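Colleague: Okay, so here is work-v2.txt, and as you'll see once you scroll down, it has compact mmCIF, C-alpha atoms.
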# COMPACT_ATOMS: atom_id res chain seq x y z
CA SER A 1 10.73 -6.46 -16.68
CA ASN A 2 9.83 -7.61 -13.16
CA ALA A 3 12.12 -4.90 -11.76
CA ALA A 4 9.35 -2.27 -11.95
CA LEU A 5 6.71 -4.80 -10.98
CA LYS A 6 8.58 -5.66 -7.80
CA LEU A 7 9.19 -2.04 -6.85
CA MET A 8 5.48 -1.33 -7.03
CA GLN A 9 4.67 -4.39 -4.93
CA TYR A 10 7.28 -3.20 -2.42
CA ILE A 11 5.72 0.30 -2.24
CA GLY A 12 2.26 -1.23 -1.96
CA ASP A 13 3.45 -3.36 0.91
CA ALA A 14 5.18 -0.39 2.55
CA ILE A 15 1.98 1.68 2.35
CA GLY A 16 -0.21 -0.94 3.98
CA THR A 17 2.30 -1.52 6.75
CA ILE A 18 4.47 1.45 7.69
CA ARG A 19 2.46 3.64 10.06
CA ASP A 20 4.21 7.04 10.07
CA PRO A 21 4.50 9.15 6.85
CA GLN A 22 8.02 10.53 7.21
CA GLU A 23 9.51 7.05 7.43
CA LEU A 24 7.18 5.68 4.73
CA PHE A 25 8.38 8.20 2.18
CA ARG A 26 12.03 7.77 3.10
CA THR A 27 11.76 4.03 2.44
CA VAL A 28 9.90 4.66 -0.82
CA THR A 29 12.32 7.36 -2.07
CA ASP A 30 15.27 5.08 -1.32
CA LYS A 31 13.79 2.21 -3.33
CA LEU A 32 12.92 4.44 -6.31
CA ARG A 33 16.73 4.57 -6.70
CA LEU A 34 16.76 1.04 -8.10
CA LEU A 35 14.90 2.17 -11.22
CA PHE A 36 15.50 5.91 -11.45
CA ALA A 37 18.49 8.22 -11.35
CA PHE A 38 18.31 11.55 -9.48
CA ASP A 39 20.27 13.29 -6.79
CA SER A 40 17.35 14.85 -4.86
CA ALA A 41 13.62 14.20 -4.59
CA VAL A 42 10.60 16.08 -3.18
CA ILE A 43 6.88 15.59 -2.92
CA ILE A 44 5.02 18.86 -3.27
CA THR A 45 1.33 19.33 -2.77
CA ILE A 46 -0.70 21.80 -4.76
CA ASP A 47 -3.50 24.19 -3.68
CA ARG A 48 -4.92 25.17 -7.06
CA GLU A 49 -7.33 27.85 -5.86
CA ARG A 50 -4.97 29.45 -3.37
CA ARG A 51 -2.23 29.20 -6.04
CA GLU A 52 0.16 27.72 -3.52
CA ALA A 53 2.60 24.85 -3.10
CA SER A 54 3.67 23.00 0.06
CA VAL A 55 6.67 20.81 0.70
CA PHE A 56 5.11 17.53 1.72
CA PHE A 57 8.37 15.62 1.91
CA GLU A 58 11.99 16.09 0.92
CA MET A 59 15.26 14.22 0.60
CA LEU A 60 17.76 16.90 -0.45
CA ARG A 61 21.49 16.64 -1.20
CA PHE A 62 21.98 20.38 -1.36
CA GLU A 63 20.97 23.04 1.08
CA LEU A 64 19.05 26.06 -0.14
CA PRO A 65 18.88 29.48 1.63
CA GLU A 66 16.25 30.27 4.25
CA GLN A 67 14.00 32.66 2.30
CA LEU A 68 13.44 29.82 -0.17
CA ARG A 69 13.05 27.36 2.69
CA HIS A 70 9.37 28.03 3.35
CA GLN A 71 7.04 25.07 3.57
CA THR A 72 4.35 27.00 1.61
CA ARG A 73 4.74 29.67 -1.10
CA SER A 74 2.73 31.17 -3.97
CA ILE A 75 3.12 29.72 -7.42
CA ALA A 76 0.89 32.36 -9.01
CA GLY A 77 2.22 33.03 -12.52
CA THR A 78 5.20 30.72 -12.06
CA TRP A 79 6.42 28.06 -14.44
CA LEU A 80 5.06 25.30 -12.19
CA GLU A 81 1.50 26.66 -12.25
CA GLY A 82 1.47 25.79 -15.93
CA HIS A 83 1.86 22.07 -15.19
CA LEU A 84 -1.26 21.86 -13.07
CA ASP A 85 -2.99 19.75 -15.79
CA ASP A 86 -0.18 17.36 -16.69
CA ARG A 87 -0.88 13.72 -17.45
CA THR A 88 2.76 12.75 -18.22
CA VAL A 89 6.30 13.14 -16.82
CA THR A 90 8.36 16.27 -17.51
CA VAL A 91 12.14 16.15 -17.81
CA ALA A 92 13.54 19.63 -18.22
CA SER A 93 16.89 21.41 -18.40
CA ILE A 94 16.66 24.17 -15.74
CA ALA A 95 18.64 26.63 -17.84
CA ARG A 96 17.24 25.75 -21.31
CA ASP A 97 13.78 24.12 -21.07
CA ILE A 98 11.99 26.65 -18.82
CA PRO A 99 11.05 30.08 -20.33
CA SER A 100 10.78 31.70 -16.85
CA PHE A 101 14.40 30.95 -15.98
CA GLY A 102 16.22 34.00 -14.65
CA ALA A 103 16.82 35.69 -11.26
CA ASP A 104 13.54 37.44 -12.15
CA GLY A 105 10.35 35.40 -11.66
CA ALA A 106 11.99 32.05 -10.99
CA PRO A 107 14.29 32.83 -8.01
CA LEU A 108 14.05 29.20 -6.89
CA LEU A 109 15.13 27.93 -10.30
CA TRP A 110 17.87 30.51 -10.41
CA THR A 111 19.18 29.47 -7.03
CA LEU A 112 18.98 25.80 -7.98
CA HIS A 113 21.07 26.49 -11.04
CA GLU A 114 23.42 28.52 -8.85
CA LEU A 115 23.81 25.47 -6.59
CA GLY A 116 24.86 23.48 -9.67
CA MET A 117 21.54 21.81 -10.40
CA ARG A 118 20.91 21.28 -14.12
CA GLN A 119 17.84 19.09 -14.42
CA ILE A 120 14.43 18.90 -12.81
CA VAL A 121 11.87 16.09 -13.37
CA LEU A 122 8.10 16.50 -12.67
CA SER A 123 5.81 13.56 -12.16
CA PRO A 124 2.23 14.75 -11.56
CA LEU A 125 0.19 13.16 -8.74
CA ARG A 126 -3.54 12.63 -9.27
CA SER A 127 -6.58 11.73 -7.14
CA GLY A 128 -10.25 11.73 -8.20
CA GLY A 129 -9.25 13.42 -11.44
CA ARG A 130 -7.37 16.29 -9.80
CA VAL A 131 -3.64 16.97 -9.70
CA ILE A 132 -2.89 17.15 -5.97
CA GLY A 133 0.88 17.42 -6.09
CA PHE A 134 4.10 16.38 -7.86
CA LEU A 135 6.96 14.01 -7.28
CA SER A 136 10.09 15.85 -8.35
CA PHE A 137 13.78 15.00 -8.99
CA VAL A 138 16.67 17.45 -9.22
CA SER A 139 20.18 16.65 -10.39
CA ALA A 140 23.61 18.06 -11.08
CA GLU A 141 23.81 16.09 -14.32
CA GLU A 142 21.20 15.84 -17.06
CA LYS A 143 19.97 12.29 -16.62
CA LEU A 144 18.88 10.59 -19.83
CA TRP A 145 15.17 9.79 -19.83
CA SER A 146 13.69 7.63 -22.55
CA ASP A 147 9.91 7.55 -23.07
CA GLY A 148 9.85 4.18 -21.31
CA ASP A 149 11.73 5.44 -18.26
CA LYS A 150 9.07 8.16 -18.11
CA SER A 151 6.25 5.62 -18.34
CA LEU A 152 7.72 3.56 -15.54
CA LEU A 153 8.01 6.67 -13.35
CA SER A 154 4.34 7.54 -14.10
CA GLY A 155 3.30 4.06 -12.99
CA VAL A 156 5.28 4.11 -9.76
CA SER A 157 3.99 7.65 -9.09
CA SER A 158 0.43 6.30 -9.24
CA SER A 159 1.33 4.54 -5.99
CA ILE A 160 2.79 7.60 -4.41
CA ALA A 161 -0.26 9.68 -5.37
CA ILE A 162 -2.15 6.98 -3.53
CA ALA A 163 -0.09 7.26 -0.32
CA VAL A 164 -0.01 11.07 -0.45
CA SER A 165 -3.83 11.33 -0.91
CA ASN A 166 -4.29 9.12 2.13
CA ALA A 167 -2.18 11.36 4.33
CA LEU A 168 -3.98 14.45 2.98
CA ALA A 169 -7.31 12.93 3.99
CA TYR A 170 -6.03 12.18 7.51
CA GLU A 171 -5.06 15.87 7.62
CA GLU A 172 -8.37 17.22 6.33
CA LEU A 173 -10.02 14.96 8.91
CA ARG A 174 -7.73 16.26 11.65
CA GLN A 175 -8.55 19.92 10.94
CA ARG A 176 -12.28 19.46 10.45
CA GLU A 177 -12.16 18.31 14.07
CA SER B 1 5.02 -10.25 -16.96
CA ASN B 2 4.27 -7.04 -18.86
CA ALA B 3 0.55 -7.78 -18.41
CA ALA B 4 1.03 -7.74 -14.64
CA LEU B 5 2.95 -4.48 -14.59
CA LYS B 6 0.36 -2.86 -16.82
CA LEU B 7 -2.40 -4.20 -14.59
CA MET B 8 -0.94 -2.36 -11.62
CA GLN B 9 -0.23 0.79 -13.58
CA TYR B 10 -3.79 0.65 -14.88
CA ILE B 11 -5.20 0.35 -11.36
CA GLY B 12 -3.00 3.16 -10.04
CA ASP B 13 -4.22 5.31 -12.90
CA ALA B 14 -7.90 4.40 -12.51
CA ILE B 15 -7.59 5.36 -8.86
CA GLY B 16 -6.11 8.75 -9.68
CA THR B 17 -8.64 9.68 -12.41
CA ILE B 18 -12.01 8.27 -11.40
CA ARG B 19 -14.07 10.56 -9.17
CA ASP B 20 -17.05 8.20 -8.69
CA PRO B 21 -16.15 5.43 -6.17
CA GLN B 22 -18.74 2.92 -7.36
CA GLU B 23 -17.57 3.13 -10.97
CA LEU B 24 -13.97 3.23 -9.74
CA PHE B 25 -14.53 -0.23 -8.23
CA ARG B 26 -16.60 -1.57 -11.15
CA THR B 27 -13.69 -0.53 -13.40
CA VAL B 28 -10.95 -1.92 -11.20
CA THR B 29 -12.82 -5.17 -10.62
CA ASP B 30 -13.43 -5.85 -14.25
CA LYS B 31 -9.79 -5.27 -14.97
CA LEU B 32 -9.01 -7.91 -12.32
CA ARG B 33 -10.72 -10.54 -14.49
CA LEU B 34 -8.05 -10.30 -17.18
CA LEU B 35 -5.50 -11.84 -14.79
CA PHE B 36 -7.73 -13.66 -12.36
CA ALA B 37 -10.38 -16.20 -13.23
CA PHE B 38 -13.14 -16.05 -10.66
CA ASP B 39 -16.91 -15.97 -10.41
CA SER B 40 -17.71 -13.04 -8.18
CA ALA B 41 -15.90 -10.49 -5.99
CA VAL B 42 -16.69 -8.39 -2.93
CA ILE B 43 -14.99 -5.63 -0.91
CA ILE B 44 -15.71 -5.81 2.80
CA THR B 45 -14.99 -3.27 5.50
CA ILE B 46 -14.09 -4.46 8.95
CA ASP B 47 -14.87 -2.91 12.34
CA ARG B 48 -12.69 -4.88 14.75
CA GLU B 49 -14.08 -3.31 17.92
CA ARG B 50 -17.81 -3.72 17.14
CA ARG B 51 -16.96 -7.13 15.60
CA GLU B 52 -18.86 -6.38 12.37
CA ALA B 53 -18.28 -6.22 8.63
CA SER B 54 -20.00 -4.18 5.96
CA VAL B 55 -20.36 -4.78 2.24
CA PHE B 56 -18.56 -1.97 0.49
CA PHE B 57 -18.46 -3.20 -3.09
CA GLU B 58 -20.05 -6.21 -4.77
CA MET B 59 -19.74 -7.78 -8.23
CA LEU B 60 -21.64 -11.04 -8.05
CA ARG B 61 -22.88 -13.48 -10.73
CA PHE B 62 -25.57 -14.83 -8.42
CA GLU B 63 -28.19 -13.62 -6.00
CA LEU B 64 -28.01 -14.17 -2.26
CA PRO B 65 -30.89 -15.35 0.02
CA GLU B 66 -32.93 -12.50 1.56
CA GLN B 67 -31.44 -13.21 5.01
CA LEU B 68 -27.83 -13.15 3.80
CA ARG B 69 -28.27 -9.83 2.02
CA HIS B 70 -27.52 -7.43 4.86
CA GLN B 71 -25.30 -4.38 4.43
CA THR B 72 -23.85 -4.74 7.93
CA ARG B 73 -23.50 -7.91 10.03
CA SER B 74 -21.70 -9.46 13.00
CA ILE B 75 -18.55 -11.47 12.42
CA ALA B 76 -18.11 -12.18 16.10
CA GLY B 77 -16.99 -15.80 16.44
CA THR B 78 -16.73 -16.28 12.68
CA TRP B 79 -13.94 -17.75 10.57
CA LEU B 80 -13.44 -14.25 9.11
CA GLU B 81 -12.64 -12.83 12.56
CA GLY B 82 -9.57 -15.08 12.64
CA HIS B 83 -8.05 -13.39 9.56
CA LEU B 84 -8.01 -9.87 11.01
CA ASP B 85 -4.19 -9.92 11.48
CA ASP B 86 -3.42 -11.32 7.99
CA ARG B 87 -0.63 -9.78 5.94
CA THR B 88 -0.83 -12.28 3.08
CA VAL B 89 -3.45 -13.62 0.68
CA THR B 90 -5.46 -16.66 1.77
CA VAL B 91 -6.64 -19.22 -0.81
CA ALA B 92 -9.02 -21.84 0.55
CA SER B 93 -11.36 -24.68 -0.30
CA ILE B 94 -14.78 -23.93 1.22
CA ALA B 95 -15.62 -27.55 2.18
CA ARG B 96 -12.12 -28.59 3.26
CA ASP B 97 -10.17 -25.63 4.68
CA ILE B 98 -12.66 -23.87 6.95
CA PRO B 99 -13.49 -25.38 10.38
CA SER B 100 -16.61 -23.18 10.73
CA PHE B 101 -18.08 -24.75 7.61
CA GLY B 102 -21.40 -26.57 8.00
CA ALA B 103 -22.07 -25.36 11.53
CA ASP B 104 -24.88 -22.82 11.87
CA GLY B 105 -22.12 -20.27 12.54
CA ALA B 106 -21.27 -20.06 8.82
CA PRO B 107 -24.55 -19.83 6.79
CA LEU B 108 -22.91 -17.62 4.17
CA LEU B 109 -20.23 -20.24 3.60
CA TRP B 110 -22.98 -22.90 3.28
CA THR B 111 -25.04 -20.98 0.71
CA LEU B 112 -21.90 -20.31 -1.39
CA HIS B 113 -21.13 -23.99 -1.49
CA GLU B 114 -24.80 -24.66 -2.18
CA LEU B 115 -24.51 -22.04 -4.92
CA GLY B 116 -21.62 -24.09 -6.29
CA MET B 117 -18.60 -22.11 -5.09
CA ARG B 118 -15.63 -24.22 -4.03
CA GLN B 119 -12.71 -21.86 -3.63
CA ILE B 120 -12.53 -18.50 -1.93
CA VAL B 121 -9.62 -16.12 -1.63
CA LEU B 122 -8.99 -13.51 1.02
CA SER B 123 -6.84 -10.52 0.33
CA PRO B 124 -6.32 -8.34 3.40
CA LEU B 125 -6.79 -4.60 2.83
CA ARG B 126 -4.20 -2.76 4.86
CA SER B 127 -3.41 0.83 5.74
CA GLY B 128 -0.55 1.56 8.15
CA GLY B 129 -0.33 -1.91 9.67
CA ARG B 130 -4.02 -2.31 10.43
CA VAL B 131 -6.43 -4.42 8.40
CA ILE B 132 -9.38 -2.27 7.41
CA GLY B 133 -11.10 -4.80 5.18
CA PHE B 134 -10.79 -7.63 2.64
CA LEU B 135 -10.98 -8.10 -1.07
CA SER B 136 -12.47 -11.58 -1.75
CA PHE B 137 -13.09 -13.84 -4.76
CA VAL B 138 -15.20 -16.94 -5.26
CA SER B 139 -14.97 -19.55 -8.00
CA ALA B 140 -16.68 -22.84 -8.66
CA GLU B 141 -13.34 -24.27 -9.83
CA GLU B 142 -10.36 -24.61 -7.48
CA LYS B 143 -7.63 -22.89 -9.56
CA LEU B 144 -3.91 -23.08 -8.59
CA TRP B 145 -2.69 -19.89 -6.96
CA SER B 146 1.02 -19.48 -7.50
CA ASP B 147 3.10 -17.32 -5.18
CA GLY B 148 3.47 -14.84 -8.06
CA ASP B 149 -0.35 -14.81 -8.42
CA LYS B 150 -0.65 -14.09 -4.72
CA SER B 151 1.99 -11.31 -4.81
CA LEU B 152 0.16 -9.64 -7.70
CA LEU B 153 -3.09 -9.81 -5.75
CA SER B 154 -1.34 -8.41 -2.71
CA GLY B 155 0.35 -5.52 -4.50
CA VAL B 156 -2.85 -4.53 -6.25
CA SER B 157 -4.82 -4.93 -3.05
CA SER B 158 -2.53 -2.34 -1.52
CA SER B 159 -3.81 0.38 -3.80
CA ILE B 160 -7.40 -0.74 -3.35
CA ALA B 161 -6.87 -0.54 0.41
CA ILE B 162 -6.07 3.15 0.17
CA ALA B 163 -8.86 3.79 -2.34
CA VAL B 164 -11.41 2.43 0.13
CA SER B 165 -9.74 4.09 3.13
CA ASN B 166 -10.01 7.40 1.23
CA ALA B 167 -13.63 6.79 0.38
CA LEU B 168 -14.46 6.25 4.06
CA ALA B 169 -12.60 9.48 4.92
CA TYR B 170 -14.59 11.58 2.42
CA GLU B 171 -17.76 9.97 3.76
CA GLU B 172 -17.01 11.06 7.30
CA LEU B 173 -15.93 14.42 5.91
CA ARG B 174 -19.31 15.02 4.25
CA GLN B 175 -21.05 14.28 7.52
CA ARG B 176 -18.93 16.76 9.47
CA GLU B 177 -19.87 19.26 6.77
Would you mind writing the file out in structure tokens?
Modeller:
Amino acid sequence: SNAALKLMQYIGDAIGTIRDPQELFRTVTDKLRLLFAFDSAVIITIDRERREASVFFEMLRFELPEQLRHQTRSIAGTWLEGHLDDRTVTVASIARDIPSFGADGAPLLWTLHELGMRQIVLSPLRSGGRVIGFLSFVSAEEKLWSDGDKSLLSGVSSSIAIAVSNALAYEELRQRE
Amino acid sequence: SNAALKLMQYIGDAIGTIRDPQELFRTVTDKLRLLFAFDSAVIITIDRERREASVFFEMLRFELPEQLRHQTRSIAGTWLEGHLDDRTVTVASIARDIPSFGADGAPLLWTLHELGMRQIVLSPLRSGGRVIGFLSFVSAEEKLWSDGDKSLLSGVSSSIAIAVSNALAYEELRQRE
């Protein structure tokens, strides 16, 4: 109904008003909680050629160890690298839905499961035809996601992609001079 | 309505998939006609310091006089300069709501009326509190703009604000190259 409509208008408004990123994305993450269930959310940005991922923003309810607390890490040959072309939302059981899962090549995933996380949602972020990042949720319980929930998350993510791409361009401008 | 929600989702999606900016705005504009009945639209960029505005995108159903055609022009002392702090959408009768009308200070206004436009709407384009430009519509008929109409225009303008902001960033970026 108008619930999703109003959330998008709110995000839109927030984007064109709130000046600093860290407080923008807090406000946005908090409001997402009116439509979507999750315990923890992160925005990750992707460097396809360097095969790397960076934490762009986080709102965590757990605390992970330090080695896995790096802002940037390789994703070469990891489960995530296989979602670099996604158009739609992914809702996966950490321990069942991901073939990498083990202490082996998915240490992160293994540690998340260890922490008592059970479910991870991926919502791809696009700009100019390229996936530039993901919005992600992580939860202790397996939250039920209908196709329509997923569609609504896609739509709201369009907005976030928007905001994230803007920031990224203010960065690329900053470090070009 | 559902048509409103989809309109936003569609725009968010166009923005994340369409590499070419001119066809991005042709596409987004035409989709705006399904919910908004208007003659012609324009996207204008503002330069508050220099007191100028530039035509960024146009989708007109009429030609303008040679002398009103310019890419870049002064808005110093114009009725537009008074809307540079606007948060909300302005809907206005050309001959009744604009004090600059008729005076030689608003020749563009005059032509539009001459051309048979009667209502114009301003939608501020905003990125982090500052107005960077305007989306604007003209119609010969003075349609009723509900608050819900205006909210829709605002929310959708939000995304278009960041699309244009981004375009301007990449432009600078390809000069620093």
Colleague: Env of residue 32 in chain A: 9 Å cut, atoms = only C-alpha atoms, seq-sep filter 3 positions within chain, self excluded. Answer as a PyMOL selection string.
Modeller: chain A and resi 7+27-29+35-37+153+156
Colleague: Quick check, in Å to one decimal: how far apart do CA of residue 154 in chain B and CA of residue 77 in chain B lie?
Modeller: 25.8 Å
Colleague: Using only C-alpha atoms, which residues of chain A come within 9 Å of chain B, and what is the closest atom pair for each, with the distance in Å to one decimal? Give it as JSON lines, sorted by chain and residue number.
Modeller:
{"residue": "A:1", "atom": "CA", "partner": "B:2", "partner_atom": "CA", "distance": 6.8}
{"residue": "A:2", "atom": "CA", "partner": "B:1", "partner_atom": "CA", "distance": 6.7}
{"residue": "A:4", "atom": "CA", "partner": "B:5", "partner_atom": "CA", "distance": 7.3}
{"residue": "A:5", "atom": "CA", "partner": "B:5", "partner_atom": "CA", "distance": 5.2}
{"residue": "A:6", "atom": "CA", "partner": "B:155", "partner_atom": "CA", "distance": 8.9}
{"residue": "A:8", "atom": "CA", "partner": "B:155", "partner_atom": "CA", "distance": 7.1}
{"residue": "A:9", "atom": "CA", "partner": "B:155", "partner_atom": "CA", "distance": 4.5}
{"residue": "A:10", "atom": "CA", "partner": "B:155", "partner_atom": "CA", "distance": 7.6}
{"residue": "A:11", "atom": "CA", "partner": "B:155", "partner_atom": "CA", "distance": 8.2}
{"residue": "A:12", "atom": "CA", "partner": "B:158", "partner_atom": "CA", "distance": 4.9}
{"residue": "A:13", "atom": "CA", "partner": "B:158", "partner_atom": "CA", "distance": 6.5}
{"residue": "A:14", "atom": "CA", "partner": "B:128", "partner_atom": "CA", "distance": 8.2}
{"residue": "A:15", "atom": "CA", "partner": "B:128", "partner_atom": "CA", "distance": 6.3}
{"residue": "A:16", "atom": "CA", "partner": "B:127", "partner_atom": "CA", "distance": 4.1}
{"residue": "A:17", "atom": "CA", "partner": "B:129", "partner_atom": "CA", "distance": 3.9}
{"residue": "A:18", "atom": "CA", "partner": "B:128", "partner_atom": "CA", "distance": 5.0}
{"residue": "A:19", "atom": "CA", "partner": "B:128", "partner_atom": "CA", "distance": 4.1}
{"residue": "A:20", "atom": "CA", "partner": "B:128", "partner_atom": "CA", "distance": 7.5}
{"residue": "A:125", "atom": "CA", "partner": "B:16", "partner_atom": "CA", "distance": 7.7}
{"residue": "A:126", "atom": "CA", "partner": "B:16", "partner_atom": "CA", "distance": 4.7}
{"residue": "A:127", "atom": "CA", "partner": "B:16", "partner_atom": "CA", "distance": 3.9}
{"residue": "A:128", "atom": "CA", "partner": "B:19", "partner_atom": "CA", "distance": 4.1}
{"residue": "A:129", "atom": "CA", "partner": "B:17", "partner_atom": "CA", "distance": 3.9}
{"residue": "A:130", "atom": "CA", "partner": "B:17", "partner_atom": "CA", "distance": 7.2}
{"residue": "A:131", "atom": "CA", "partner": "B:16", "partner_atom": "CA", "distance": 8.6}
{"residue": "A:152", "atom": "CA", "partner": "B:9", "partner_atom": "CA", "distance": 8.6}
{"residue": "A:154", "atom": "CA", "partner": "B:9", "partner_atom": "CA", "distance": 8.2}
{"residue": "A:155", "atom": "CA", "partner": "B:9", "partner_atom": "CA", "distance": 4.8}
{"residue": "A:156", "atom": "CA", "partner": "B:9", "partner_atom": "CA", "distance": 7.5}
{"residue": "A:157", "atom": "CA", "partner": "B:12", "partner_atom": "CA", "distance": 8.4}
{"residue": "A:158", "atom": "CA", "partner": "B:12", "partner_atom": "CA", "distance": 4.7}
{"residue": "A:159", "atom": "CA", "partner": "B:12", "partner_atom": "CA", "distance": 6.1}
{"residue": "A:161", "atom": "CA", "partner": "B:16", "partner_atom": "CA", "distance": 7.3}
{"residue": "A:162", "atom": "CA", "partner": "B:162", "partner_atom": "CA", "distance": 6.6}
{"residue": "A:163", "atom": "CA", "partner": "B:162", "partner_atom": "CA", "distance": 7.3}
{"residue": "A:165", "atom": "CA", "partner": "B:166", "partner_atom": "CA", "distance": 7.6}
{"residue": "A:166", "atom": "CA", "partner": "B:166", "partner_atom": "CA", "distance": 6.0}
{"residue": "A:169", "atom": "CA", "partner": "B:169", "partner_atom": "CA", "distance": 6.4}
{"residue": "A:170", "atom": "CA", "partner": "B:169", "partner_atom": "CA", "distance": 7.6}
{"residue": "A:172", "atom": "CA", "partner": "B:173", "partner_atom": "CA", "distance": 8.1}
{"residue": "A:173", "atom": "CA", "partner": "B:173", "partner_atom": "CA", "distance": 6.6}
{"residue": "A:176", "atom": "CA", "partner": "B:176", "partner_atom": "CA", "distance": 7.2}
{"residue": "A:177", "atom": "CA", "partner": "B:176", "partner_atom": "CA", "distance": 8.3}
Colleague: From the set B:22, B:88, B:100, B:111, which residue has the shortest atom-to-atom contact distance to residue 57 in chain B, counting all atoms listed in the file?
Modeller: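 Comparing B:22, B:88, B:100, B:111 against residue 57 in chain B, the winner is B:22.
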Colleague: Can you tell me how far CA of residue 33 in chain B sits from CA of residue 109 in chain B, in Å to one decimal?
Modeller: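 Going from CA of residue 33 in chain B over to CA of residue 109 in chain B covers 22.6 Å.
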Colleague: One decimal, Å: what's the distance from CA of residue 40 in chain B over to CA of residue 58 in chain B, could you say?
Modeller: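 Going from CA of residue 40 in chain B over to CA of residue 58 in chain B, I get 8.0 Å.
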